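Data from work-v1.pdb: PDB, N, CA, C and O atoms
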```pdb
ATOM      1  N   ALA A  27       0.836  -1.221   0.000
ATOM      2  CA  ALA A  27       0.000   0.000   0.000
ATOM      3  C   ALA A  27       0.843   1.232   0.000
ATOM      4  O   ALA A  27       2.060   1.168  -0.158
ATOM      5  N   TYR A  28       0.192   2.399   0.163
ATOM      6  CA  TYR A  28       0.906   3.640   0.162
ATOM      7  C   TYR A  28       0.446   4.490   1.298
ATOM      8  O   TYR A  28      -0.641   4.305   1.850
ATOM      9  N   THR A  29       1.320   5.438   1.690
ATOM     10  CA  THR A  29       1.047   6.426   2.696
ATOM     11  C   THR A  29       1.744   7.676   2.239
ATOM     12  O   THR A  29       2.602   7.611   1.359
ATOM     13  N   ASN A  30       1.396   8.854   2.808
ATOM     14  CA  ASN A  30       1.995  10.086   2.357
ATOM     15  C   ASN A  30       2.936  10.608   3.406
ATOM     16  O   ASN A  30       2.630  10.618   4.597
ATOM     17  N   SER A  31       4.128  11.049   2.956
ATOM     18  CA  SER A  31       5.191  11.546   3.790
ATOM     19  C   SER A  31       4.869  12.886   4.362
ATOM     20  O   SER A  31       5.393  13.239   5.416
ATOM     21  N   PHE A  32       4.046  13.688   3.661
ATOM     22  CA  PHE A  32       3.796  15.013   4.138
ATOM     23  C   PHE A  32       5.065  15.775   3.924
ATOM     24  O   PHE A  32       5.494  16.026   2.803
ATOM     25  N   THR A  33       5.594  16.302   5.038
ATOM     26  CA  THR A  33       6.788  17.090   5.186
ATOM     27  C   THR A  33       8.106  16.368   5.391
ATOM     28  O   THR A  33       9.153  16.960   5.144
ATOM     29  N   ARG A  34       8.128  15.109   5.882
ATOM     30  CA  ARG A  34       9.356  14.597   6.455
ATOM     31  C   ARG A  34      10.502  14.222   5.559
ATOM     32  O   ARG A  34      10.387  14.103   4.340
ATOM     33  N   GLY A  35      11.688  14.057   6.208
ATOM     34  CA  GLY A  35      12.917  13.685   5.559
ATOM     35  C   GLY A  35      13.845  14.855   5.358
ATOM     36  O   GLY A  35      14.815  14.736   4.612
ATOM     37  N   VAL A  36      13.566  16.021   5.980
ATOM     38  CA  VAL A  36      14.465  17.151   5.910
ATOM     39  C   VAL A  36      15.419  17.044   7.069
ATOM     40  O   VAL A  36      15.052  16.542   8.133
ATOM     41  N   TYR A  37      16.685  17.491   6.893
ATOM     42  CA  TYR A  37      17.672  17.390   7.941
ATOM     43  C   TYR A  37      18.558  18.601   7.930
ATOM     44  O   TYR A  37      18.488  19.415   7.012
ATOM     45  N   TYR A  38      19.403  18.772   8.977
ATOM     46  CA  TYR A  38      20.285  19.914   9.038
ATOM     47  C   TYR A  38      21.347  19.703   7.999
ATOM     48  O   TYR A  38      22.074  18.712   8.027
ATOM     49  N   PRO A  39      21.446  20.625   7.074
ATOM     50  CA  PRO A  39      22.369  20.509   5.973
ATOM     51  C   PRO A  39      23.799  20.566   6.390
ATOM     52  O   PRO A  39      24.632  19.944   5.733
ATOM     53  N   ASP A  40      24.112  21.343   7.443
ATOM     54  CA  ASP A  40      25.459  21.452   7.913
ATOM     55  C   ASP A  40      25.391  21.770   9.378
ATOM     56  O   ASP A  40      24.388  22.267   9.882
ATOM     57  N   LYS A  41      26.508  21.511  10.074
ATOM     58  CA  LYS A  41      26.741  21.598  11.489
ATOM     59  C   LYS A  41      26.746  23.013  12.003
ATOM     60  O   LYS A  41      27.298  23.242  13.077
ATOM     61  N   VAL A  42      26.315  24.012  11.207
ATOM     62  CA  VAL A  42      26.361  25.394  11.632
ATOM     63  C   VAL A  42      25.048  25.847  12.231
ATOM     64  O   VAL A  42      23.980  25.335  11.901
ATOM     65  N   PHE A  43      25.125  26.826  13.171
ATOM     66  CA  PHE A  43      24.004  27.423  13.849
ATOM     67  C   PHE A  43      23.548  28.629  13.069
ATOM     68  O   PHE A  43      24.359  29.337  12.475
ATOM     69  N   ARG A  44      22.217  28.875  13.040
ATOM     70  CA  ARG A  44      21.634  30.022  12.390
ATOM     71  C   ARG A  44      20.351  30.304  13.116
ATOM     72  O   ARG A  44      19.772  29.392  13.703
ATOM     73  N   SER A  45      19.869  31.568  13.120
ATOM     74  CA  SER A  45      18.622  31.842  13.790
ATOM     75  C   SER A  45      17.870  32.913  13.057
ATOM     76  O   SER A  45      18.457  33.842  12.507
ATOM     77  N   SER A  46      16.525  32.793  13.055
ATOM     78  CA  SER A  46      15.632  33.752  12.470
ATOM     79  C   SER A  46      16.031  34.016  11.050
ATOM     80  O   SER A  46      15.921  35.147  10.580
ATOM     81  N   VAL A  47      16.482  32.972  10.315
ATOM     82  CA  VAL A  47      16.919  33.192   8.968
ATOM     83  C   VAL A  47      16.364  32.129   8.059
ATOM     84  O   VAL A  47      16.261  30.955   8.407
ATOM     85  N   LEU A  48      15.993  32.583   6.852
ATOM     86  CA  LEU A  48      15.376  31.948   5.721
ATOM     87  C   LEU A  48      16.285  31.130   4.834
ATOM     88  O   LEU A  48      15.918  30.883   3.689
ATOM     89  N   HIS A  49      17.535  30.836   5.238
ATOM     90  CA  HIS A  49      18.511  30.113   4.445
ATOM     91  C   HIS A  49      17.920  29.022   3.569
ATOM     92  O   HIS A  49      16.978  28.331   3.951
ATOM     93  N   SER A  50      18.475  28.871   2.333
ATOM     94  CA  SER A  50      18.004  27.924   1.344
ATOM     95  C   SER A  50      19.172  27.158   0.755
ATOM     96  O   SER A  50      20.247  27.725   0.563
ATOM     97  N   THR A  51      18.985  25.843   0.440
ATOM     98  CA  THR A  51      20.072  25.036  -0.079
ATOM     99  C   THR A  51      19.542  23.984  -1.017
ATOM    100  O   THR A  51      18.337  23.759  -1.101
ATOM    101  N   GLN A  52      20.462  23.296  -1.739
ATOM    102  CA  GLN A  52      20.118  22.221  -2.635
ATOM    103  C   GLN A  52      20.867  20.997  -2.196
ATOM    104  O   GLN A  52      22.080  21.046  -1.990
ATOM    105  N   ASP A  53      20.160  19.856  -2.035
ATOM    106  CA  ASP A  53      20.818  18.645  -1.619
ATOM    107  C   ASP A  53      19.875  17.510  -1.924
ATOM    108  O   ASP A  53      18.834  17.712  -2.548
ATOM    109  N   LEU A  54      20.222  16.270  -1.511
ATOM    110  CA  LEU A  54      19.376  15.130  -1.740
ATOM    111  C   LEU A  54      18.393  15.070  -0.606
ATOM    112  O   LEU A  54      18.775  14.843   0.541
ATOM    113  N   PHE A  55      17.090  15.266  -0.904
ATOM    114  CA  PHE A  55      16.083  15.264   0.123
ATOM    115  C   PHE A  55      14.869  14.555  -0.404
ATOM    116  O   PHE A  55      14.683  14.429  -1.612
ATOM    117  N   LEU A  56      14.004  14.062   0.507
ATOM    118  CA  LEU A  56      12.773  13.453   0.086
ATOM    119  C   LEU A  56      11.841  14.570  -0.302
ATOM    120  O   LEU A  56      11.732  15.567   0.411
ATOM    121  N   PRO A  57      11.153  14.434  -1.407
ATOM    122  CA  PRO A  57      10.245  15.467  -1.842
ATOM    123  C   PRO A  57       9.054  15.548  -0.937
ATOM    124  O   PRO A  57       8.741  14.564  -0.267
ATOM    125  N   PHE A  58       8.386  16.717  -0.893
ATOM    126  CA  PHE A  58       7.234  16.901  -0.046
ATOM    127  C   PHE A  58       6.054  16.207  -0.644
ATOM    128  O   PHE A  58       5.957  16.053  -1.862
ATOM    129  N   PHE A  59       5.134  15.738   0.224
ATOM    130  CA  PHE A  59       3.933  15.097  -0.227
ATOM    131  C   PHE A  59       4.271  13.918  -1.074
ATOM    132  O   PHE A  59       3.495  13.536  -1.946
ATOM    133  N   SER A  60       5.431  13.287  -0.822
ATOM    134  CA  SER A  60       5.819  12.158  -1.611
ATOM    135  C   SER A  60       5.076  10.938  -1.160
ATOM    136  O   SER A  60       4.760  10.784   0.021
ATOM    137  N   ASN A  61       4.776  10.029  -2.114
ATOM    138  CA  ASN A  61       4.107   8.802  -1.781
ATOM    139  C   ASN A  61       5.131   7.811  -1.356
ATOM    140  O   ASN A  61       6.023   7.446  -2.119
ATOM    141  N   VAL A  62       5.006   7.340  -0.100
ATOM    142  CA  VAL A  62       5.957   6.400   0.398
ATOM    143  C   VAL A  62       5.284   5.080   0.580
ATOM    144  O   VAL A  62       4.154   4.993   1.061
TER     145      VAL A  62
ATOM    146  N   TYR B 495      50.608  -1.716 -12.567
ATOM    147  CA  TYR B 495      51.783  -1.021 -13.006
ATOM    148  C   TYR B 495      52.934  -1.948 -12.760
ATOM    149  O   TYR B 495      52.957  -2.657 -11.755
ATOM    150  N   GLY B 496      53.907  -1.998 -13.692
ATOM    151  CA  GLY B 496      55.053  -2.826 -13.447
ATOM    152  C   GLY B 496      56.110  -1.932 -12.885
ATOM    153  O   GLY B 496      56.403  -0.874 -13.449
ATOM    154  N   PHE B 497      56.707  -2.322 -11.741
ATOM    155  CA  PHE B 497      57.720  -1.470 -11.198
ATOM    156  C   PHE B 497      58.958  -2.269 -10.930
ATOM    157  O   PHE B 497      59.038  -3.016  -9.955
ATOM    158  N   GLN B 498      59.968  -2.108 -11.801
ATOM    159  CA  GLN B 498      61.258  -2.702 -11.616
ATOM    160  C   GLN B 498      62.118  -1.547 -11.198
ATOM    161  O   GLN B 498      61.712  -0.400 -11.372
ATOM    162  N   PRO B 499      63.259  -1.771 -10.610
ATOM    163  CA  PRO B 499      64.121  -0.700 -10.181
ATOM    164  C   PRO B 499      64.711   0.011 -11.357
ATOM    165  O   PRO B 499      65.267   1.095 -11.186
ATOM    166  N   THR B 500      64.635  -0.623 -12.540
ATOM    167  CA  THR B 500      65.123  -0.174 -13.816
ATOM    168  C   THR B 500      64.227   0.871 -14.426
ATOM    169  O   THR B 500      64.591   1.479 -15.432
ATOM    170  N   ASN B 501      63.038   1.108 -13.835
ATOM    171  CA  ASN B 501      61.927   1.815 -14.429
ATOM    172  C   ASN B 501      62.176   3.127 -15.123
ATOM    173  O   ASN B 501      61.713   3.234 -16.245
ATOM    174  N   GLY B 502      62.854   4.166 -14.596
ATOM    175  CA  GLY B 502      62.894   5.387 -15.384
ATOM    176  C   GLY B 502      62.000   6.365 -14.677
ATOM    177  O   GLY B 502      61.052   5.971 -14.005
ATOM    178  N   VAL B 503      62.247   7.679 -14.847
ATOM    179  CA  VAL B 503      61.566   8.655 -14.038
ATOM    180  C   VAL B 503      60.070   8.608 -14.167
ATOM    181  O   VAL B 503      59.372   8.478 -13.162
ATOM    182  N   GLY B 504      59.521   8.709 -15.392
ATOM    183  CA  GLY B 504      58.095   8.715 -15.565
ATOM    184  C   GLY B 504      57.544   7.376 -15.189
ATOM    185  O   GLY B 504      56.440   7.263 -14.662
ATOM    186  N   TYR B 505      58.312   6.327 -15.512
ATOM    187  CA  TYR B 505      57.999   4.935 -15.327
ATOM    188  C   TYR B 505      57.950   4.540 -13.876
ATOM    189  O   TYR B 505      57.222   3.619 -13.517
ATOM    190  N   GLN B 506      58.765   5.176 -13.010
ATOM    191  CA  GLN B 506      58.900   4.731 -11.645
ATOM    192  C   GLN B 506      57.682   4.994 -10.806
ATOM    193  O   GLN B 506      56.789   5.768 -11.150
ATOM    194  N   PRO B 507      57.628   4.253  -9.722
ATOM    195  CA  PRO B 507      56.566   4.338  -8.751
ATOM    196  C   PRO B 507      56.715   5.548  -7.880
ATOM    197  O   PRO B 507      57.842   5.938  -7.575
ATOM    198  N   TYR B 508      55.583   6.156  -7.470
ATOM    199  CA  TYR B 508      55.603   7.290  -6.589
ATOM    200  C   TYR B 508      54.572   7.036  -5.531
ATOM    201  O   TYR B 508      53.471   6.580  -5.834
ATOM    202  N   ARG B 509      54.912   7.304  -4.252
ATOM    203  CA  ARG B 509      53.955   7.144  -3.190
ATOM    204  C   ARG B 509      53.173   8.416  -3.087
ATOM    205  O   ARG B 509      53.714   9.504  -3.286
ATOM    206  N   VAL B 510      51.863   8.311  -2.769
ATOM    207  CA  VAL B 510      51.050   9.498  -2.739
ATOM    208  C   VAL B 510      50.176   9.513  -1.527
ATOM    209  O   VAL B 510      49.732   8.477  -1.032
ATOM    210  N   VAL B 511      49.935  10.734  -1.007
ATOM    211  CA  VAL B 511      49.027  10.951   0.077
ATOM    212  C   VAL B 511      48.216  12.145  -0.299
ATOM    213  O   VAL B 511      48.759  13.165  -0.724
ATOM    214  N   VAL B 512      46.881  12.030  -0.185
ATOM    215  CA  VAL B 512      46.051  13.175  -0.407
ATOM    216  C   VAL B 512      45.510  13.509   0.940
ATOM    217  O   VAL B 512      44.770  12.724   1.535
ATOM    218  N   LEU B 513      45.887  14.684   1.471
ATOM    219  CA  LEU B 513      45.352  15.082   2.735
ATOM    220  C   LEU B 513      44.135  15.880   2.414
ATOM    221  O   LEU B 513      44.218  17.077   2.144
ATOM    222  N   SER B 514      42.968  15.208   2.399
ATOM    223  CA  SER B 514      41.743  15.907   2.167
ATOM    224  C   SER B 514      41.370  16.538   3.461
ATOM    225  O   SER B 514      41.520  15.936   4.522
ATOM    226  N   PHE B 515      40.857  17.782   3.398
ATOM    227  CA  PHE B 515      40.483  18.414   4.624
ATOM    228  C   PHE B 515      39.021  18.707   4.569
ATOM    229  O   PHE B 515      38.481  19.105   3.538
ATOM    230  N   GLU B 516      38.338  18.496   5.708
ATOM    231  CA  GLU B 516      36.955  18.840   5.846
ATOM    232  C   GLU B 516      36.964  20.320   6.149
ATOM    233  O   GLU B 516      38.039  20.907   6.254
ATOM    234  N   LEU B 517      35.785  20.974   6.242
ATOM    235  CA  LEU B 517      35.761  22.400   6.457
ATOM    236  C   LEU B 517      35.085  22.754   7.752
ATOM    237  O   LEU B 517      34.337  21.958   8.315
ATOM    238  N   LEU B 518      35.339  23.994   8.249
ATOM    239  CA  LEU B 518      34.803  24.429   9.514
ATOM    240  C   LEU B 518      33.368  24.847   9.404
ATOM    241  O   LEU B 518      33.043  26.036   9.405
ATOM    242  N   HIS B 519      32.504  23.856   9.120
ATOM    243  CA  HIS B 519      31.070  23.855   9.219
ATOM    244  C   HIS B 519      30.621  23.072  10.426
ATOM    245  O   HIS B 519      29.421  22.974  10.671
ATOM    246  N   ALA B 520      31.552  22.381  11.125
ATOM    247  CA  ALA B 520      31.229  21.421  12.152
ATOM    248  C   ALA B 520      32.250  21.477  13.259
ATOM    249  O   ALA B 520      33.130  22.339  13.268
ATOM    250  N   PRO B 521      32.133  20.578  14.221
ATOM    251  CA  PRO B 521      33.056  20.553  15.335
ATOM    252  C   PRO B 521      34.481  20.292  14.929
ATOM    253  O   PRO B 521      34.706  19.490  14.025
ATOM    254  N   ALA B 522      35.449  20.968  15.594
ATOM    255  CA  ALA B 522      36.851  20.879  15.253
ATOM    256  C   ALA B 522      37.500  19.694  15.926
ATOM    257  O   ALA B 522      37.306  19.469  17.117
ATOM    258  N   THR B 523      38.140  18.818  15.113
ATOM    259  CA  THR B 523      38.842  17.619  15.514
ATOM    260  C   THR B 523      40.358  17.629  15.599
ATOM    261  O   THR B 523      40.921  17.032  16.513
ATOM    262  N   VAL B 524      41.068  18.248  14.619
ATOM    263  CA  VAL B 524      42.513  18.150  14.559
ATOM    264  C   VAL B 524      43.051  19.539  14.389
ATOM    265  O   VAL B 524      42.589  20.273  13.522
ATOM    266  N   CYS B 525      44.083  19.929  15.172
ATOM    267  CA  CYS B 525      44.477  21.314  15.107
ATOM    268  C   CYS B 525      45.952  21.499  14.913
ATOM    269  O   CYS B 525      46.760  20.609  15.169
ATOM    270  N   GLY B 526      46.326  22.711  14.439
ATOM    271  CA  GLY B 526      47.699  23.101  14.278
ATOM    272  C   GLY B 526      48.243  23.310  15.665
ATOM    273  O   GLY B 526      47.496  23.550  16.611
ATOM    274  N   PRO B 527      49.544  23.291  15.765
ATOM    275  CA  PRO B 527      50.323  23.282  16.984
ATOM    276  C   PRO B 527      50.286  24.515  17.849
ATOM    277  O   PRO B 527      51.075  24.576  18.790
ATOM    278  N   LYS B 528      49.431  25.508  17.560
ATOM    279  CA  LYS B 528      49.451  26.776  18.246
ATOM    280  C   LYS B 528      49.154  26.684  19.718
ATOM    281  O   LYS B 528      48.665  25.681  20.237
ATOM    282  N   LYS B 529      49.524  27.772  20.432
ATOM    283  CA  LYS B 529      49.297  27.967  21.836
ATOM    284  C   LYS B 529      47.856  28.354  21.999
ATOM    285  O   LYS B 529      47.160  28.594  21.013
ATOM    286  N   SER B 530      47.360  28.364  23.258
ATOM    287  CA  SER B 530      46.006  28.750  23.552
ATOM    288  C   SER B 530      46.081  29.780  24.647
ATOM    289  O   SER B 530      47.082  29.848  25.361
ATOM    290  N   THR B 531      45.027  30.611  24.817
ATOM    291  CA  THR B 531      45.106  31.686  25.772
ATOM    292  C   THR B 531      43.834  31.820  26.554
ATOM    293  O   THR B 531      42.911  31.015  26.437
ATOM    294  N   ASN B 532      43.793  32.869  27.405
ATOM    295  CA  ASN B 532      42.657  33.205  28.222
ATOM    296  C   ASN B 532      41.579  33.719  27.301
ATOM    297  O   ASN B 532      41.849  34.216  26.211
ATOM    298  N   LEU B 533      40.321  33.534  27.740
ATOM    299  CA  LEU B 533      39.033  33.788  27.144
ATOM    300  C   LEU B 533      38.542  35.220  27.208
ATOM    301  O   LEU B 533      37.393  35.454  26.852
ATOM    302  N   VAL B 534      39.325  36.169  27.773
ATOM    303  CA  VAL B 534      38.944  37.534  28.091
ATOM    304  C   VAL B 534      37.876  38.109  27.196
ATOM    305  O   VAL B 534      38.038  38.253  25.988
ATOM    306  N   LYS B 535      36.746  38.492  27.835
ATOM    307  CA  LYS B 535      35.585  39.008  27.159
ATOM    308  C   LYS B 535      35.493  40.489  27.391
ATOM    309  O   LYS B 535      36.199  41.058  28.220
ATOM    310  N   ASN B 536      34.612  41.140  26.603
ATOM    311  CA  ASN B 536      34.256  42.531  26.681
ATOM    312  C   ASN B 536      35.368  43.414  26.209
ATOM    313  O   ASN B 536      35.153  44.605  25.979
ATOM    314  N   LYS B 537      36.578  42.867  26.000
ATOM    315  CA  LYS B 537      37.618  43.697  25.463
ATOM    316  C   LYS B 537      37.601  43.466  23.987
ATOM    317  O   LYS B 537      37.172  42.407  23.530
ATOM    318  N   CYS B 538      38.013  44.477  23.198
ATOM    319  CA  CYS B 538      38.167  44.256  21.788
ATOM    320  C   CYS B 538      39.426  43.456  21.655
ATOM    321  O   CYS B 538      40.442  43.803  22.255
ATOM    322  N   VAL B 539      39.401  42.356  20.874
ATOM    323  CA  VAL B 539      40.599  41.567  20.773
ATOM    324  C   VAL B 539      40.626  40.874  19.450
ATOM    325  O   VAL B 539      39.610  40.752  18.767
ATOM    326  N   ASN B 540      41.831  40.441  19.036
ATOM    327  CA  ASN B 540      41.926  39.608  17.878
ATOM    328  C   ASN B 540      41.574  38.248  18.383
ATOM    329  O   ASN B 540      41.901  37.918  19.522
ATOM    330  N   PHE B 541      40.866  37.428  17.578
ATOM    331  CA  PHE B 541      40.529  36.131  18.094
ATOM    332  C   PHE B 541      40.674  35.094  17.028
ATOM    333  O   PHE B 541      40.395  35.330  15.855
ATOM    334  N   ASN B 542      41.159  33.904  17.443
ATOM    335  CA  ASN B 542      41.295  32.761  16.592
ATOM    336  C   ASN B 542      40.567  31.652  17.292
ATOM    337  O   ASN B 542      40.943  31.265  18.398
TER     338      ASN B 542
END
```
Written as structure tokens, that's how I'd like the structure from this file.
Amino acid sequence: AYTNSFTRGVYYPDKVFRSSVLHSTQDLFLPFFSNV
Amino acid sequence: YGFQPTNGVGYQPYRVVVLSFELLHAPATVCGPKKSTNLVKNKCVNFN
């Protein structure tokens, strides 16, 4: 069968701290609303 | 590769090391031989 991931599978891209910031990156991630 | 002692400059074997370095995006593991000092705050200071 299938289920929907929703949002999950995102992770901290790097070991650095950031706050109140919109930072954006490209990497291997599970797509949103993906059928798992 | 065939390596006889007879080989020749281009022909001869060379040992290699690639020191790949990770970057300071994460916790520091291995450091240069430098000294360390007091943490003095509130003063303007050069810092490493």
Could you tell me, as a ChimeraX atom specification, exactly which residues end up selected when the PyMOL selection byres ((chain A and resi 31) around 7) is applied to this structure?
/A:29-30,32-35,57-62
If the PyMOL selection byres ((chain B) within 7 of (chain A)) were run on this exact file, what residues would it hold? Put them as a count of residues only.
3
Interatomic distance, atom CA of residue A:51 to atom CA of residue A:38 (Å, one decimal)
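Going from atom CA of residue A:51 over to atom CA of residue A:38 covers 10.5 Å.
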Between atom O of residue A:37 and atom N of residue A:49, what is the distance, to one decimal in Å?
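Going from atom O of residue A:37 over to atom N of residue A:49 covers 11.6 Å.
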Taking every listed atom of stretch 27-30 of chain A and adding 4 Å to each side, what centre and edge lengths in Å (one decimal) does the axis-aligned box have, as AutoDock Vina command-line options?
```
--center_x 1.1 --center_y 4.7 --center_z 2.2 --size_x 11.6 --size_y 19.8 --size_z 12.8
```
Gap from atom CA of residue B:538 to atom CA of residue A:45 - Å, one decimal
24.5 Å
Nearest-residue call for residue B:525, choices B:504, B:542, B:495, B:511, using only C-alpha atoms
B:542
Residues within 7 Å of residue B:507, please, as number ranges by chain. Count all atoms listed in the file; anything in the same chain fewer than 5 positions from it doesn't count.
B: 496-498, 501-502
